[PDB]
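Here the structure is laid out as structure tokens; the discussion comes afterwards.
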Amino acid sequence: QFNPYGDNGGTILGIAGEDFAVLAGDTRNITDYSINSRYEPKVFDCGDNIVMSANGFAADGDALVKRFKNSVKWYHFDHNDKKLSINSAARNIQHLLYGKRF
Amino acid sequence: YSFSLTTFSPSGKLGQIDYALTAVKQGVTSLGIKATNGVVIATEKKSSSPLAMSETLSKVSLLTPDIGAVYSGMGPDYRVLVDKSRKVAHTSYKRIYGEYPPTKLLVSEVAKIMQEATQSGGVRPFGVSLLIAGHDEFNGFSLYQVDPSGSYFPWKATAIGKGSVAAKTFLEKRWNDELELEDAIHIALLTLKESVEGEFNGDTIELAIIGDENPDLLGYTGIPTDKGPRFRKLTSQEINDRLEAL
Amino acid sequence: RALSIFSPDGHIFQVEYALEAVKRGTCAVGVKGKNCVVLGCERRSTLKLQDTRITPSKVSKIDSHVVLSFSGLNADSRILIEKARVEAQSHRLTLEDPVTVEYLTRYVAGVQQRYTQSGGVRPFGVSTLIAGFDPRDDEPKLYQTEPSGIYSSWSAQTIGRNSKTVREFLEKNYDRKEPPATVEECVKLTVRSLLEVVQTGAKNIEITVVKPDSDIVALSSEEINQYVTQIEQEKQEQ
Amino acid sequence: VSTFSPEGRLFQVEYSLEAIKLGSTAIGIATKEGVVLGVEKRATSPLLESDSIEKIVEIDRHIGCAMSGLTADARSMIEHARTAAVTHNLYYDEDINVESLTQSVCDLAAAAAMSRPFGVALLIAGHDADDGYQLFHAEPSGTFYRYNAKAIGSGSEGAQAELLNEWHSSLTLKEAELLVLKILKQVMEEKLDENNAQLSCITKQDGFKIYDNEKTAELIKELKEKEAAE
Amino acid sequence: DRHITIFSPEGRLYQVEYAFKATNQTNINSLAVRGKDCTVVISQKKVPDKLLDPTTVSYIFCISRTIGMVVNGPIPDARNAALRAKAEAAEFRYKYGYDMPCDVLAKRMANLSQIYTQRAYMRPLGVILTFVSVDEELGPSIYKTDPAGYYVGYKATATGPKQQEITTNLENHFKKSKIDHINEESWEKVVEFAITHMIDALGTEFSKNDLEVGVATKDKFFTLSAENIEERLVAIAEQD
Amino acid sequence: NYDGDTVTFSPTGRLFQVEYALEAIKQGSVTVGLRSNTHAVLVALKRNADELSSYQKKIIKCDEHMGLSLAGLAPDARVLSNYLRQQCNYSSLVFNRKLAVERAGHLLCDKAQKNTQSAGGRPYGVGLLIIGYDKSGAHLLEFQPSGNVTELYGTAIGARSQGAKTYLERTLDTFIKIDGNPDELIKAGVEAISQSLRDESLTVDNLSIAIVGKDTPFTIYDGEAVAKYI
Amino acid sequence: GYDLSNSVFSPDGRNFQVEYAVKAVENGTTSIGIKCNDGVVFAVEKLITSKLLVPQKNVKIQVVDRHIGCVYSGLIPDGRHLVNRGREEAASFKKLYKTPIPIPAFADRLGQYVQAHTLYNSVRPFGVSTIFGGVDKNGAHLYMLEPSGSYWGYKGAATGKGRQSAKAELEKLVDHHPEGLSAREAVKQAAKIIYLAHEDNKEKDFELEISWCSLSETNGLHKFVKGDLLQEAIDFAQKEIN
Amino acid sequence: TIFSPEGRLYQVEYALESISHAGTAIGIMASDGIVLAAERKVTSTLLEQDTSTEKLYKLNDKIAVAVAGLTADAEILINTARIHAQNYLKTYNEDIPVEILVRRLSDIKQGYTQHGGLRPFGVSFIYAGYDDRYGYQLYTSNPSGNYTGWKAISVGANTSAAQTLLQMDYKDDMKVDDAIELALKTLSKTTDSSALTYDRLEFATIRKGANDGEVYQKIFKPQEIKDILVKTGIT
Amino acid sequence: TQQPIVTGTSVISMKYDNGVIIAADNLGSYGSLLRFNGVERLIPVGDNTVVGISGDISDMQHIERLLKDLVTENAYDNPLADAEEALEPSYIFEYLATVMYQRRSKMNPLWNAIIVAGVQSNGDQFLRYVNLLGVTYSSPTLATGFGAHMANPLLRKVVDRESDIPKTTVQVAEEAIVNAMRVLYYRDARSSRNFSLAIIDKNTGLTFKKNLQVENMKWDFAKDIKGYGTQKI
Ligand SMILES: [Mg+2]
Ligand SMILES: [Mg+2]
Ligand SMILES: [Mg+2]
Ligand SMILES: [Mg+2]
């Protein structure tokens, strides 16, 4: 049967300091016991002073990240270049993820 | 054009229907005469040039093995109506009860078609009037006439189109409730002759009857419940044979 | 096809004309007392040999505590009523509380409004007087809706032919300080008003009274007649 | 209904605007201490209960709007406006911007997939952090403009003119209250009392508040006095 | 009453009538006749502008392996009918297991026109269609349909501005001969007869680039080429 | 008789409705566009209905590398820009490619056309000047509701546009060479917008400027920031 | 009243709205095509309304697939529409049959589409005439299509305002060279004919545009005439123009 | 489906006119039955009246209706009528109350009034029906979609004439045999032709015979009309 | 929701200081039967891109059709079709990736593994992978199927990290790729001896070698092997 999902390993870690935050991630991308790439970033700058990482199945990680970055673009459109606050960004993602609850 | 084209006029008339009735009025005459053991419906094969071939225009049609129809008005509108009539005969009936519908029912269905034309958005009434003759186990023989309004009513004999009045008149005098088929044929022929302008013979006339069952026209022997169709169209020869006895 | 459209003067003819049909319809009125509301109406008399027993009455129950009467095309009303009744149950079912007269009104109003800006549909030839009492409340409610979709409440109001005339009667015979504080007098007042147009008639008038907590009752031809008589008396005694 | 005139204007839209001129005067004035919205009731009889006239509505805690024209048409518009502010709060966990809200409303306007334009205009007033207190006028055309003060409805011609005179970039909430009251008075056929005019304002601290007759009367009175000065 | 196919107070369909006039817009005349075992349809070919590619001018179409159709009417409407005639002919085969018969195809086409006659949104098509073929059951055949939805079969027929003159000519021949077909074994001669009798009625001589001939025999319909026609034209310049 | 819809050609082969639409443009404020070989500016004179409103925004960003100035029926401009935003977006997402200005133009044309050939529709009544920098340099496009799009070194559209159009028609040899310096290009852009003035001088609320080029993403300069250009 | 709605037949059986569309066509730029010995050339007159126009940019000829060239006169936008559909109609042919669409085929496709717009009053005919063609499995083909959906094959064809002048010139070519005409020749010739035809619009300076599809000069594909080859013909025209 | 400046529905008004030109149908509600009578439009010596059904139709075993207007428009409305009847029966297992069926049929007509753009139905109906809740009832529905119930009523040609004759001879305690007579009389005096003859009549009753319990619908056969005629003395 | 039928194996590739090389055999296998021997699996797109595909062939043939149309459609109303606005390898990739991810999200995947190798207009080498799941990654070397297990280890010996790319000549890279292809013929049962190689260099442009064969095979030693344990002869 076709399995639409996969696992590309990787590990990320976000830590928030008193007046800064970090989002760290390893760079390896793998499939089973093979290394697909020693260098394939997974933590990205989405604009608006927001960093995000979607770790797990790379395709889905990719899509999600794209949809969000894009979501930022339109937010600026439909709301006269208003900066997207992290919490707003957050609630947005909830919706993105949940849109695919099935 | 999703609105009714046929609307009510202040006098209370349905414009398009009356006009369609006018178109009918100009069509070639057709008649139906109901006998005791049969019914005949005839018309004239108005050849629009001797180059055209007479046979290739069935003005009289078999709707079911026991029901025929003839018209007056716009042939095309008739042709498509016969198609739909034969169809519904099956869909709304033979496919549900395994037998063909009874005349009044089919007639009723046809009517329904024409009425829709009278009310559905974006269309014009059919410019035809049909005389539908047939038979069925329970109602016996019947003849009906159907109008563009959708209105239908039964007759003992009638005629439509061009010489309707004159014809109806002649029919009114010769018809009686003890007529054997041959005789009504006779009368049909006689009535036909007066409305026919030129040559009156087996190639300009079209008679069809609904009578006894014809096993010879079935196509197979074996099953004895169905003994054959009742609708039979007359041959050029058969018509003339009778004409010669004028 | 857009039927209800604007004109060079800023009017939606179909809606405006809709009102005319309202005027052609018989009269209906309702005045609200201190702990009740009554609604009276005059009966149509184009042809007489009617079987009163069955004929669709003019005042209808939307729910056990809300009624509606109207003036206009009798057919157009039925629809408004059904849609209202069905919405009455739906509110119950999903909010676990029956509609408030206001809500019901706003529902009925919006329906009409909708027909004024929808293609292929002509506005409703109707105006309604909706009345009743909110669940677990006693303050009487009387509301009015028109084909435009506009609605509001009234201490007393009327619609239908000659509504202007009787409206006037009310404009001076109803004081917002002593609303007809008794079923009897509210009825009186409504009758009085109704008489000014009805033209001396028993079966000509039908009067319905609505009290708190689903207490609704239509007066019989004769209970009314008694009021008529006592009114012609407080007229003849002068 | 989508036909252009030789002058290049949409008929039904122009006509739609005329119907609006037939409606109760609505006025809003935008300051740095808030935005006031006041309207004229206009009861078609004194039997009618003046309080059942809704012409100033709350769209959301930080946005209210006054209407003028065929008011029933405005129902769907308010509904949509509300739903949108809410929905925006749901998806972003924040307050929608007045402009966005407005734009959202207008976005609905031109959808001539409803037989005719709306025969009503709105004065949407609100506040958001990025653009402060704002006043907007929304037309059935689908167009909308931001103003510092604006009047619409039957008496809008004179009113606008008077606004033009009274407004300066520094009035106080009270001042504007009065003006709306004033100008309301100047253009109302009936005499301005607390049962036929309605004031409301929206402030950062307390949000959209519709004034209770009593408070209004106190201002009406406070007005009669300040006016009968010279 | 005169813009859409509704009825006029006299019970007429004006738009249908005007569509019949447009059939003459082209000014072409054509005729068809049946042989002993074939069918021919001649149609005048008129190429005006010199800049035209003569080869692309035709009003005669190959509908299917067995059916040929000639049109009298404007080209747009004509090609529209062709495509559909083609499509329908194919579908018929796929679904029924044998080639659509010319008459059936004519009937089907007629029924389609009737619809334009009855529904207001559809304008009739201003064209007339003569379908010819040698049917496996019926033999040489000619069926013609018009904007009214009318259709019928002919011993021979003609269509165009000078329709009446051509017809009379033919009417006379068959009245003299007594039969309903040219009594010739090869199509070549029938084609000849056909063109002869066309010249006989129009009062004009034809060159090779002025005709258009289509022939239909058992299992095939083909249009002759200029040279082919010439061989005909030559042979006729011996009887006359 | 022949101006009821766009589905009717007149006897001289014209589409009045389209034409009438084009006239909708002429009643909008002037907006100018001009480009060099490294930048594209959009100077749009904004318009005011009263002295208490906003000077309607004429400039809309469609992507980080493209934008447009509108003159006419705002709603339509919104619809058209939005469609433009989407198509720009589609190119980015699906091909990671910036949409070519010429390509965008081809799109607007095609979009407008559909509204000039079908019953019930109405041509768009707004003109647009689209500027954008891409793989092939700076670009300026003029869009007309008839569906016609043209690539120009400069232009302007709206009420009295013909003034600036001649200025540019002569100043070409001068601005086509303002490479490496945006300030000048804008100055020219303003100088052009001024040859179509009459009402008064361009003010700080009047002006609206948009620039885009080599190392400069589509940016909207409104109010304050244009001060140095009057 | 028979000229207010599209599908309406007048008492003489003409569809007036179509004929009006034709007028929109006439009121436009001139364009032509010359079917040559193993290809076809297209050329059209781009009227330069102002110095403000960026030179050689607002291309008007269009390609369909890779081997068909299209040029039309009238309401430009209507042309584009006709071409987009052409493209969809061509793709659809390839996807299912593999071989790129034959010109006769393609033309008919465009034909049937336009003819369709003269069948319902809810649509207006196309305000343009298109000349197009190319090379296929068996020869070059040149066609012209009018708003009625009528189209035919040509030896040469032209349309727009300079139409008669142009046709005249083409007529000359046909009678003087029945053998054929090398692609190169036809190029210059078209350049000329356009220059000549430009006289019926002799008031504005123009920009010529030519394209060709030749089995020996462009491998059967549609390419635009630019550079050395374009200048050559521009001068060849400027020569015989006096 | 539009409004006049006066506040009337053109097509509806006009429809009613069409109707007034239709034969007359009468429904008289007695104390022990209901009568429906109708004079047939356009006839002849040749029309077969024996096997005819053009104005009196059975809707359900307990409800019958008389038609005045376009026969075809009628049949459409009828068929759906017959259907709503059966749907109710299936859903509840009780025969449909007359008013319910009538109100439903009305609602359709009204639809044509309010939206769609289709011409209304050129028909008016008289419903004679029985039910366990209100016993015998007589109803009438016209094109506007409006309906009402009567003790006696008529539709079609010469309403005012007949209506006035009924209002005169009708009395609360009538009996079928008397209503039949009255019906005939009224038709007899409001005809537009020579004299009432069996061949021009359609007659039917809904009685609840005392020697049983279920209502019996009897559509009179030609001979019976000829008979009921002699007795009443129309000869 | 399908199951591949005719299939193609590994596609190997790597990037060097001035371009990229990619190679793939010419086999179409029907399970274990090496059915088709003349199957080109490198699809050049323009003069700057080669798309190597493994997996199901019918799906590859479709991707072919799709790529051609991409070219055709890019020409449309594009006067710069063969210059500034020509298809870049990156555009082609993204299109492909997107398609793959959509087909999988609709559970009807393009059963393939594709490597898009090319050079961008500004000179940058481009090497990126995408499979039936829409998974994508880039690296100095890339290989699908067995190539991933066998070829990458070898190729990575030449280019282990980014910094090694500018130190690698075409001679080297090409040699590597060829050796790898030889290894796979030895160890991959579905490989074929004949292959195809393509180099996309920022100067020489696109070089596409067809009909290469694995040569220099070590097999002689097979003679000194008898039995599987104790058999002496
Ligand atoms: Mg926020
Ligand atoms: Mg010509
Ligand atoms: Mg039609
Ligand atoms: Mg039509």
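Quick note: numbers below take in every heavy atom, side chains included, and nothing from hydrogens, waters or symmetry partners. Counting convention: from 1, in listed order, for ligands and their atoms alike. Letters A, B, ... mirror the listed sequences (proteins, then strands); counts begin at 1.
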Under the side chain to side chain donor-acceptor pair (under 3.5 Å) rule, what do B/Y1 and G/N121 come out as? Steps first, then yes or no, please. CA-CA 10 Å; B/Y1 285 100; G/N121 57 226; 3.1 Å; yes

Judged by modelled atom types alone, do B/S129 and B/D147 share a side-chain donor-acceptor pair under 3.5 Å? yes

E/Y116 N/O/S atom closer than 2.8 Å to the Mg ion (ligand 3): yes

Is the backbone of A/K82 close enough, under 3.5 Å, to the side chain of A/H76 for a donor and an acceptor to pair up by distance? yes

Should we say atom NZ of A/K66 is surrounded by more than 12 heavy atoms from elsewhere, each under 6.0 Å from it? yes

Salt bridge check: are F/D63 and A/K73 linked by an N-O gap of less than 4.0 Å? yes

How about NZ on B/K13, more than 12 heavy atoms from neighbouring residues, nucleotides or ligands closer than 6.0 Å, or not? no

Mind listing the protein N/O/S atoms less than 2.8 Å away from the Mg ion (ligand 4)? Waters don't count. E/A120 O, E/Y121 N

Flag for D/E94-D/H88: side-chain donor and acceptor within less than 3.5 Å: yes

Got a sec: does the NZ of B/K25 have more than 12 other heavy atoms crowding it under 6.0 Å? yes

Report, as yes or no, whether the 6.0 Å neighbourhood of atom OH on G/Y113 holds more than 12 heavy atoms from other residues, nucleotides or ligands. yes

Flag if over 12 foreign heavy atoms under 6.0 Å of CZ, D/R82: yes

Protein N/O/S atoms under 2.8 Å from the Mg ion (ligand 1): how many? 3

